[PDB]
4 protein chains.
Amino acid sequence: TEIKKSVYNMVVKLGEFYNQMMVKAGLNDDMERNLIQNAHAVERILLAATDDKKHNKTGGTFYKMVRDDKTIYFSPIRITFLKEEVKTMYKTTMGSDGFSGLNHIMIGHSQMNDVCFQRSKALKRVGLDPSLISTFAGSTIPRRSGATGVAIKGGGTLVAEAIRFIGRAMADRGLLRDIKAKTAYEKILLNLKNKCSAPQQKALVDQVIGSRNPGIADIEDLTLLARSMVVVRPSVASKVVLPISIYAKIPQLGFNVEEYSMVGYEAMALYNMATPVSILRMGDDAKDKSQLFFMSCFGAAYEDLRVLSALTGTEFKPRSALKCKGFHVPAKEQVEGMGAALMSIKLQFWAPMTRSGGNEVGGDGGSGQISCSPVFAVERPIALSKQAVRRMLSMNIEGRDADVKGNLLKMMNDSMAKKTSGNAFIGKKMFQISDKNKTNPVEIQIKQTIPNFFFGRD
Amino acid sequence: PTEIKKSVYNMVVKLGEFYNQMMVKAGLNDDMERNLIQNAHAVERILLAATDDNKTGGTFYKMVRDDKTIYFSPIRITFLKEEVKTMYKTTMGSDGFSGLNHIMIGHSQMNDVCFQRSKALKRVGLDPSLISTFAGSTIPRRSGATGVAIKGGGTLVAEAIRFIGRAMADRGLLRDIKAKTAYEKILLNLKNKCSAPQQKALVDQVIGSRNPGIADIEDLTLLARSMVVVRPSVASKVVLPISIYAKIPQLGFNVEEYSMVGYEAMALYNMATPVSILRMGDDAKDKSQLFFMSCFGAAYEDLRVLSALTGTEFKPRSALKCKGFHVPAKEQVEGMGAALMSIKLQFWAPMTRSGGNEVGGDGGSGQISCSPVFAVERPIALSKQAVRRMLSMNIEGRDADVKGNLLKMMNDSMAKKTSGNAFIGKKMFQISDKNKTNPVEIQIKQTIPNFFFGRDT
Amino acid sequence: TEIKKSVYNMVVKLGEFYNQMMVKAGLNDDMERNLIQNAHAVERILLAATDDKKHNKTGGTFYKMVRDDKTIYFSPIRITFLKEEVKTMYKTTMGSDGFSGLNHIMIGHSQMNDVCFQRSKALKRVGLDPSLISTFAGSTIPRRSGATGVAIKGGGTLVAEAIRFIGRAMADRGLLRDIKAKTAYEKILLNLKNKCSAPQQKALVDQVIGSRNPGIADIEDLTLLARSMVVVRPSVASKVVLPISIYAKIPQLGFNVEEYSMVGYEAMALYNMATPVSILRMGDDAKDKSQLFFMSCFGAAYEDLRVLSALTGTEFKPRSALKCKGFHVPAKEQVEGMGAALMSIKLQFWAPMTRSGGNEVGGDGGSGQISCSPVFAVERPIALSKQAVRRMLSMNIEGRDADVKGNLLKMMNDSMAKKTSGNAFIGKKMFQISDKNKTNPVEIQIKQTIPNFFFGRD
Amino acid sequence: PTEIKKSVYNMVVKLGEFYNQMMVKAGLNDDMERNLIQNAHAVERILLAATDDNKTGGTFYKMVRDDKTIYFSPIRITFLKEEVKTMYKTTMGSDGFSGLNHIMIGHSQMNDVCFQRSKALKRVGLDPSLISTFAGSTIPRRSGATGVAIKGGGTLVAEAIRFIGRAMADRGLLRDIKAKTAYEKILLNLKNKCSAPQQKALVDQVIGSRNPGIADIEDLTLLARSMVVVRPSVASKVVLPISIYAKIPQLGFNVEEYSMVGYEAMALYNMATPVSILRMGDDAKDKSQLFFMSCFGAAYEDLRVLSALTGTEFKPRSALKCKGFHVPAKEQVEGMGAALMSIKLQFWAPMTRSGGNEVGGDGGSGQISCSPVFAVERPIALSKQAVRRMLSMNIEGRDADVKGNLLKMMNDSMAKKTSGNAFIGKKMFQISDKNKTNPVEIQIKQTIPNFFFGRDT
């Protein structure tokens with residue numbers, strides 16, 4: 001209700017900061033203001049200046065606009081700022097929204113990294129399968145984000161962190177006696193299982209909690225848990241975070257009431273009405289480049305490419321098919337007058353993004369009457385619900401305790417053993433960027449010819 | 001003598017005769033008052049209460065009407081628990097017990113329909129589902145072995161679990177020998193209603209344990225679940241308010257015989273012209289469905305089978321809009337709403353005491369296979385289900401694996417792609433058709449929700 | 001080849017004995033000669049006289065022919081013979097065929113008892129399920145029959161005898177030290193498993209042999225074996241044995257070469273061309289009475305009623321449906337001039353009876369190539385044999401030993417888990433009583449509306 | 001360089017060039033003699049024998065003919081194992097090894113067809129079936145790692161079992177380190193051809209055991225069976241007698257390139273005009289089938305797929321009436337029967353190195369699932385087989401249960417009612433059609449027996 005009004009000012013101020021921030025740099029012309037590289041630049045110089053590191057001036061690579069007339073080009077700058085100047089400049093304009101502002105931006109960077117980086121190597125060190133990456137969302141986010149940052153973390157990310165802890169704790173066992181890292185550890189386990197939906201997944205992590213002395217036996221349980229999160233996906237916060245270069249243009253777009261939703265339409269409309277432009281290295285198909293940016297903003301890296309393609313009306317391609325590199329231009333290649341292009345993929349349609357990093361619906365109808373007791377004697381089909389009884393046998397009635405790994409494993413087999421059923425989210429329809437309040441459902445479909453997995457290979 | 005229809009007849013008639021003199025005592029005489037089921041309900045409460053360990057009374061209804069239409073007002077009179085019992089036993093005679101048990105069975109059947117016992121299921125540790133196996137959990141122990149008839153599998157498993165629990169907290173009843181055999185009779189009553197060998201075996205293990213260890217409660221829970229797959233035997237009977245039984249002489253004849261499991265009751269229901277008090281927001285149609293289900297104990301029965309016989313579409317307890325038949329003091333007003341219960345039977349089928357599921361059970365117990373003599377081709381006659389009786393049920397064996405047997409039983413029945421039929425060959429007959437001389441081939445309404453208490457979908 | 005010629009004289013002589021035997025009794029008129037009761041009578045007086053019992057004169061109930069003109073009637077006699085007179089009289093006419101003769105008759109009595117008696121009570125003492133009766137064939141046959149008698153014994157019969165032994169051996173353990181009953185016991189185990197076809201059934205009984213000290217653990221194995229013999233039936237000898245009253249008429253039928261087969265056509269033709277007549281008690285439908293007799297002669301008690309009905313062209317009914325009592329008329333009811341009737345069920349068709357008390361054919365094709373190894377790359381069904389691999393996993397490769405009860409149990413489940421397949425004996429066709437040498441196959445079918453099990457109930 | 005077709009070309013041509021000078025040495029010059037595959041077989045024996053550790057020779061055939069028709073007579077000449085080897089290496093050059101290995105691979109492929117190895121399978125403890133996994137068990141170790149290519153799963157499991165057995169009877173080869181790593185390379189070669197995770201895992205357990213206990217042989221046997229369900233990778237190549245390779249220059253051209261796995265070999269087979277000596281009771285047709293199967297290593301291949309490509313009906317080894325291509329001394333006569341091998345290809349498909357079964361294996365190894373962002377309906381993209389790779393195959397786990405994993409794998413594939421397809425989308429092309437520009441949609445001959453060595457039915 002009034003929360004949107006709160007979030008609105010939060011993002012607007014971030015934009016204001018970007019404006020005055022670029023003004024310091026001496027970058028004015030809109031070609032520079034809208035460049036997402038310049039955004040990332042001040043976003044680095046900011047986050048760095050607001051965090052103790054260990055001179056004492058943080059710089060970054062910026063891009064100016066060289067005319068040459070004809071077409072347009074950009075050149076690398078790399079100026080420097082002063083941490084304290086930036087630190088005060090930020091808090092002044094930000095005010096009480098200072099903290100949530102930094103957390104926002106960081107959630108953006110993490111959502112962009114999930115897209116622009118395959119973390120499978122990091123997945124091998126704690127190692128689970130190089131797959132399961134879909135559960136590894138938000139593994140690059142700093143500890144600073146706190147409870148708000150852990151909200152975007154995938155089930156696999158927490159499992160990785162937990163395992164990491166349990167391992168270092170076996171070497172130096174004084175970590176359990178710390179009470180500081182001890183609570184941090186216990187909270188990881190309490191964070192996970194908050195995201196976990198399925199009871200069998202809760203039971204497991206619960207068992208992991210029940211052990212006062214962590215050991216390899218727990219790592220086995222967590223690994224088996226991480227894998228079950230692919231069949232039954234945990235709840236990860238999915239939010240729209242855009243470079244502050246766009247937030248800066250909120251006033252200049254000029255048509256608004258006062259309110260904003262990063263979980264909803266407000267951000268959707270803002271993305272389209274914006275005019276982001278990015279730098280391009282060698283190769284770098286502008287169309288694919290735009291795809292990365294879209295997925296970034298929407299943290300759609302692990303989302304179904306089919307669902308995206310339906311909303312944007314354009315074809316999304318797996319990372320393999322996509323020809324282009326990351327948004328950050330490495331020092332190795334930086335030249336004068338390198339090309340740039342808008343991010344061209346807009347939303348023909350839209351849907352509210354909801355919590356729930358994943359959802360499996362059509363779940364067995366239960367807790368109600370699951371069967372019938374015949375009274376009249378007459379021939380009849382014998383109504384019964386199969387998927388429901390496999391729920392009882394598999395899940396934890398009250399008593400006797402149980403064998404967890406078994407039920408958690410059985411829950412996975414029983415999931416794949418029913419016909420073929422992919423229906424979830426049912427009842428939810430896609431809408432149109434012109435439609436607010438969702439008065440007109442779009443009934444058509446999602447494309448079945450496109451590969452589902454962005455990182456899918458082989 | 002299979003003339004019992006005659007005896008059962010005298011049983012319901014005397015009940016109705018009592019209802020009449022009870023109403024007359026209350027000072028309410030008219031068809032609108034008599035046919036009103038609330039007055040019947042009230043009279044039944046004053047009865048059951050007066051026959052059980054100063055003076056009591058229920059809330060009755062008198063008929064006050066705008067010139068065009070009829071309305072009712074709450075009364076709540078009272079009389080002595082003695083005159084009530086004496087008046088009852090006098091007129092009732094040797095059928096007094098059978099009468100109380102009958103009426104009592106009715107209240108339970110209605111109760112299962114009107115109320116959601118999914119709560120009490122949790123209290124005993126059982127799942128929220130399985131409610132279909134929970135039939136007759138509100139019925140007093142007064143009904144005795146005749147009452148347990150309407151008791152479902154879950155109900156007994158529940159009664160056992162709660163006892164085993166009370167035995168752990170407090171020992172001292174084994175040695176008691178009263179509640180000890182009382183506990184065992186529950187296990188014997190169970191397995192009587194259990195069809196599948198695995199189940200009758202799983203209860204055996206529980207019986208064979210002198211001390212109720214963890215292995216017992218562990219089994220009972222698995223047994224509870226299995227009863228939702230292979231359904232136990234719950235006696236199903238047609239019970240109507242004595243206000244209807246009072247009109248039997250006025251409705252004329254019957255055959256002079258009456259059967260609550262047969263066609264006699266089927267006709268009596270349709271012939272009857274019952275009226276129920278309507279509360280606020282009560283849909284007469286939906287309300288009439290509850291009365292239908294309450295009379296036939298149709299609660300856990302398939303709604304499709306019900307939608308057929310009645311020729312109308314039965315709604316789930318969720319979509320169904322109405323409240324219980326009893327009027328809470330919180331809402332009671334002068335001259336409130338009332339309506340006739342409009343749902344009747346187009347067709348009828350016998351009331352089954354079984355859970356029958358898919359036929360061909362027990363394996364036949366006779367010769368299960370053939371040992372060839374002549375050499376020539378032929379399709380190997382064998383009974384596949386008859387062996388699962390011998391393997392699961394142990395004669396000289398134990399194996400301790402009984403749990404795994406039940407599990408494998410359910411899972412295998414789960415394996416069949418789509419398979420089921422119940423009472424195959426049993427046909428429905430028009431309410432005008434008795435003697436079952438003209439079966440009708442109509443099938444049922446595949447578009448209608450199956451379970452009355454089904455939800456979450 | 002020449003064996004038939006040997007069996008021919010064997011049966012003929014038995015008939016000759018019956019003739020001269022009845023002559024002693026003073027029973028001449030054909031109405032008496034053809035009576036199967038009179039046959040049974042001298043068959044009792046014979047078997048009794050040829051076996052040491054412990055006065056010293058064996059009698060029996062016989063039936064004379066009272067005229068009354070009009071219709072015909074029979075009356076009970078009960079004369080007596082002398083064992084030694086009968087004993088010498090038999091060996092004289094019998095000669096070298098003496099022994100095989102007694103064994104034959106005994107195989108007949110046992111085949112009639114299987115039909116006319118439900119042994120389920122005897123099945124409960126050793127007790128297995130009251131079903132399994134189909135494997136209990138030939139449980140009434142005396143020890144005298146030896147190896148020839150044990151040939152008609154069902155798998156259940158041996159299992160019963162074995163269990164009986166193991167039990168009495170646990171009470172008095174000196175039975176193992178006897179070396180007499182010890183070999184008798186060991187031979188029971190070696191007899192069984194000779195009848196057993198399936199390897200899993202051999203493995204089990206083998207394990208039972210491997211135990212020097214018999215115990216309850218073995219009884220469990222044998223019980224589980226007995227039950228598996230219903231799914232996979234052992235091999236029991238099925239022979240045609242007729243009352244010697246009919247054998248006596250072999251010369252009087254008058255059309256023969258010299259040879260006979262109780263396993264084949266010769267006996268088939270003899271049954272039909274005969275004219276047996278039996279006594280009838282109260283009730284006793286003559287049609288059903290004939291059915292018992294037919295089944296008796298052919299030891300068809302456990303055979304499929306459908307298969308019988310096809311050959312005889314008449315409807316066979318389960319014992320429950322059949323209205324009539326046993327052939328033996330108890331002392332309690334014996335009167336003067338009680339009714340009699342022919343046994344009227346003949347063979348419209350015939351088939352050679354073969355060993356194999358039971359057969360399950362269509363067995364998984366194996367020991368040959370069970371699968372394919374692709375060379376060319378092209379789309380194709382992927383030919384494979386499912387029922388064959390369940391054979392390997394279930395049965396005993398060489399090494400490691402194994403868990404027998406498991407494989408023996410799995411073999412049963414795997415048998416019922418394949419579609420529905422009842423085809424066995426395939427390729428074998430029924431023939432006609434006029435056809436010898438089987439030159440003309442009968443192609444039509446067996447009736448599917450008739451109950452299969454004679455003793456089937458509930 | 002994927003120009004290798006050029007190299008392989010020079011390899012077979014030189015082989016043929018050797019066959020020519022070998023025949024010339026034998027003094028037999030004519031097309032009837034040259035095209036005769038028996039003379040090719042003989043020359044190959046004198047070669048393989050001369051290249052392996054005084055003088056040797058095979059039984060050759062000279063052409064003697066009635067004026068109307070052609071006949072052949074046995075010869076059996078001999079020369080020095082030295083001149084043979086020198087003559088061979090001179091003309092063969094750097095391809096000498098590849099040449100010997102090629103010819104050697106041929107003999108094995110033919111061997112699998114002509115002979116029943118179901119015996120040797122018993123000697124190693126394996127089932128009589130699984131013969132389809134026994135491919136290339138007669139091939140010498142001389143062929144090295146290139147030879148193991150044609151070796152089947154069972155063949156390796158057999159080689160392992162026999163070693164483990166010889167290690168038990170006699171220790172002393174672990175410490176040997178020669179036959180020790182030689183044993184291990186068999187386990188590594190295995191699991192390379194194994195597709196399913198459960199299998200590659202089951203062999204891992206065997207490798208991880210320093211001492212070959214009972215757990216090993218126990219697994220290998222289970223592994224052997226599993227290869228009849230999920231078929232390992234056996235390299236399939238087209239090998240023809242050098243007598244055909246000698247006509248390559250006369251047949252003209254080719255492209256100047258040659259590939260034994262490709263179309264080049266397909267054409268060469270049909271272009272070739274091979275003749276085989278016929279023994280008594282030999283059906284020319286049936287005999288021609290053996291030659292076809294021997295060349296394409298079609299032995300364990302589906303006969304239906306074979307019946308299609310050739311446009312003729314392939315009979316099983318049972319119904320098929322004929323004997324091996326080699327003439328035993330017991331039956332050899334002057335001027336005996338001979339016939340052209342008449343079975344050709346109407347269509348052709350590439351030679352696959354796989355066992356492919358049903359596609360969609362390995363799970364993809366990439367992103368296996370989707371984590372939703374927008375709220376809206378969509379069919380839950382997930383890879384069911386990709387998880388069975390993670391569950392069965394353990395990264396940080398062991399569980400010791402690997403045996404149960406294989407079992408459950410097979411049983412689940414057994415569960416599907418009727419399901420299979422191989423190389424779905426792969427089409428057969430006319431022998432006139434190269435470049436695969438015109439796929440044909442014809443299906444295959446469902447009335448024909450599947451397995452060549454199938455029996456008992």
# chains A, B, ... in the order shown; residues from 1 in each chain; ligands from 1
call {"tool": "residues_around", "arguments": {"residues": "residue 425 in chain D", "least_positions_apart": "4", "cutoff": "12 Å", "atoms": "only C-alpha atoms", "output": "JSON, numbers by chain"}}
result
{"C": [377, 378, 379, 380], "D": [349, 358, 359, 421, 439, 440, 441]}
call {"tool": "select_by_dssp", "arguments": {"residues": "range 21-147 of chain A", "states": "alpha helix (DSSP H)", "output": "ChimeraX atom specification"}}
result
/A:21-25,30-33,36-49,83-94,98-116,120-125,146-147
call {"tool": "select_by_dssp", "arguments": {"residues": "range 302-448 of chain D", "states": "strand (DSSP E)", "output": "count of residues only"}}
result
9
call {"tool": "atom_distance", "arguments": {"atom1": "CA of residue 395 in chain D", "atom2": "CA of residue 223 in chain A"}}
result
9.4 Å
call {"tool": "interface_residues", "arguments": {"of": "chain C", "to": "chain B", "cutoff": "7 Å", "atoms": "only C-alpha atoms", "output": "ChimeraX atom specification"}}
result
/C:128-129,131-134,220,230,238,300,302-304,351-354,357-358,416,422-430,452-453,455-458
call {"tool": "atom_distance", "arguments": {"atom1": "CA of residue 278 in chain A", "atom2": "CA of residue 34 in chain A"}}
result
8.3 Å
call {"tool": "residues_around", "arguments": {"residues": "residue 132 in chain D", "least_positions_apart": "4", "cutoff": "9 Å", "atoms": "only C-alpha atoms", "output": "tab-separated table (two decimals) with C-alpha atoms, in the first residue's frame"}}
result
chain	number	residue	atom	x	y	z
C	369	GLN	CA	20.57	-64.23	-28.43
C	370	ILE	CA	18.35	-62.11	-26.18
C	371	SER	CA	19.24	-58.69	-27.58
C	372	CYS	CA	20.93	-56.74	-30.38
C	373	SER	CA	24.12	-54.73	-30.81
D	152	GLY	CA	32.12	-56.17	-26.54
D	154	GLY	CA	30.90	-59.26	-22.03
D	228	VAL	CA	22.05	-56.74	-22.45
D	299	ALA	CA	26.10	-60.64	-36.25
D	300	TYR	CA	24.43	-59.18	-33.16
D	301	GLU	CA	22.55	-56.57	-35.21
D	453	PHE	CA	21.34	-66.39	-32.54
call {"tool": "interface_residues", "arguments": {"of": "chain D", "to": "chain B", "cutoff": "12 Å", "atoms": "only C-alpha atoms", "output": "MDAnalysis selection string"}}
result
chainID D and resid 415:417
call {"tool": "atom_distance", "arguments": {"atom1": "CA of residue 237 in chain C", "atom2": "CA of residue 355 in chain C"}}
result
4.4 Å
call {"tool": "residues_around", "arguments": {"residues": "residue 32 in chain D", "least_positions_apart": "3", "cutoff": "8 Å", "atoms": "only C-alpha atoms", "output": "number ranges by chain"}}
result
D: 35-36, 63, 275
call {"tool": "residues_around", "arguments": {"residues": "residue 327 in chain A", "least_positions_apart": "4", "cutoff": "12 Å", "atoms": "only C-alpha atoms", "output": "VMD selection string"}}
result
chain A and resid 35 to 41 109 112 to 113 115 to 117 277 to 281 284 286 288 to 293 296 340 to 341 343
call {"tool": "residues_around", "arguments": {"residues": "residue 80 in chain B", "least_positions_apart": "3", "cutoff": "8 Å", "atoms": "only C-alpha atoms", "output": "VMD selection string"}}
result
chain B and resid 54 to 56 83 to 84
call {"tool": "write_last_selection", "arguments": {"atoms": "C-alpha atoms", "output": "PDB file, in the first residue's frame"}}
result
ATOM      1  CA  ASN B  54     -33.024 -34.594  37.073  1.00  0.00           C
ATOM      2  CA  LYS B  55     -35.109 -33.319  34.148  1.00  0.00           C
ATOM      3  CA  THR B  56     -34.103 -32.347  30.611  1.00  0.00           C
ATOM      4  CA  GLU B  83     -41.715 -39.822  32.417  1.00  0.00           C
ATOM      5  CA  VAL B  84     -39.734 -39.664  29.175  1.00  0.00           C
TER       6      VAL B  84
END
call {"tool": "residues_around", "arguments": {"residues": "range 404-411 of chain D", "least_positions_apart": "6", "cutoff": "10 Å", "atoms": "only C-alpha atoms", "output": "count of residues only"}}
result
24
call {"tool": "decode", "arguments": {"residues": "range 406-420 of chain D", "atoms": "N, CA, C and O atoms", "output": "mmCIF file, in the first residue's frame"}}
result
data_model
loop_
_atom_site.group_PDB
_atom_site.id
_atom_site.type_symbol
_atom_site.label_atom_id
_atom_site.label_comp_id
_atom_site.auth_asym_id
_atom_site.auth_seq_id
_atom_site.Cartn_x
_atom_site.Cartn_y
_atom_site.Cartn_z
ATOM 1 N N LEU D 406 22.282 -50.536 -10.196
ATOM 2 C CA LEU D 406 22.176 -51.199 -11.491
ATOM 3 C C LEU D 406 20.866 -51.967 -11.585
ATOM 4 O O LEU D 406 20.136 -51.848 -12.568
ATOM 5 N N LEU D 407 20.578 -52.753 -10.554
ATOM 6 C CA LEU D 407 19.349 -53.537 -10.503
ATOM 7 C C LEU D 407 18.132 -52.649 -10.747
ATOM 8 O O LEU D 407 17.324 -52.917 -11.635
ATOM 9 N N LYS D 408 18.015 -51.589 -9.956
ATOM 10 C CA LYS D 408 16.883 -50.676 -10.060
ATOM 11 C C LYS D 408 16.827 -50.013 -11.436
ATOM 12 O O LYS D 408 15.746 -49.725 -11.947
ATOM 13 N N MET D 409 17.994 -49.775 -12.030
ATOM 14 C CA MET D 409 18.064 -49.196 -13.369
ATOM 15 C C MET D 409 17.388 -50.106 -14.382
ATOM 16 O O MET D 409 16.483 -49.689 -15.104
ATOM 17 N N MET D 410 17.842 -51.353 -14.433
ATOM 18 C CA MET D 410 17.284 -52.332 -15.353
ATOM 19 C C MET D 410 15.789 -52.511 -15.122
ATOM 20 O O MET D 410 14.995 -52.409 -16.053
ATOM 21 N N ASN D 411 15.413 -52.773 -13.874
ATOM 22 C CA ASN D 411 14.014 -53.006 -13.524
ATOM 23 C C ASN D 411 13.069 -51.878 -13.939
ATOM 24 O O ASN D 411 11.937 -52.132 -14.352
ATOM 25 N N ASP D 412 13.533 -50.636 -13.830
ATOM 26 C CA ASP D 412 12.717 -49.486 -14.211
ATOM 27 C C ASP D 412 12.515 -49.424 -15.721
ATOM 28 O O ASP D 412 11.420 -49.123 -16.198
ATOM 29 N N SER D 413 13.576 -49.708 -16.468
ATOM 30 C CA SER D 413 13.486 -49.773 -17.922
ATOM 31 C C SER D 413 12.588 -50.936 -18.328
ATOM 32 O O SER D 413 11.959 -50.911 -19.385
ATOM 33 N N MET D 414 12.533 -51.950 -17.472
ATOM 34 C CA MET D 414 11.666 -53.103 -17.680
ATOM 35 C C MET D 414 10.210 -52.726 -17.439
ATOM 36 O O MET D 414 9.295 -53.358 -17.968
ATOM 37 N N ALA D 415 10.004 -51.686 -16.635
ATOM 38 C CA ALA D 415 8.670 -51.295 -16.188
ATOM 39 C C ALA D 415 7.810 -50.695 -17.300
ATOM 40 O O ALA D 415 6.608 -50.950 -17.364
ATOM 41 N N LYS D 416 8.425 -49.896 -18.167
ATOM 42 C CA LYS D 416 7.697 -49.272 -19.268
ATOM 43 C C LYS D 416 6.943 -50.317 -20.092
ATOM 44 O O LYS D 416 7.513 -51.339 -20.475
ATOM 45 N N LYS D 417 5.663 -50.062 -20.358
ATOM 46 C CA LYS D 417 4.807 -51.059 -20.997
ATOM 47 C C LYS D 417 5.454 -51.654 -22.245
ATOM 48 O O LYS D 417 5.928 -52.790 -22.222
ATOM 49 N N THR D 418 5.481 -50.887 -23.330
ATOM 50 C CA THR D 418 6.361 -51.196 -24.449
ATOM 51 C C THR D 418 7.029 -49.901 -24.891
ATOM 52 O O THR D 418 6.359 -48.980 -25.359
ATOM 53 N N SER D 419 8.342 -49.807 -24.697
ATOM 54 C CA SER D 419 9.063 -48.615 -25.125
ATOM 55 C C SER D 419 10.458 -48.872 -25.682
ATOM 56 O O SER D 419 11.329 -49.395 -24.983
ATOM 57 N N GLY D 420 10.678 -48.479 -26.932
ATOM 58 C CA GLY D 420 12.028 -48.265 -27.412
ATOM 59 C C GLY D 420 12.110 -47.647 -28.791
ATOM 60 O O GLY D 420 11.233 -47.844 -29.632
#
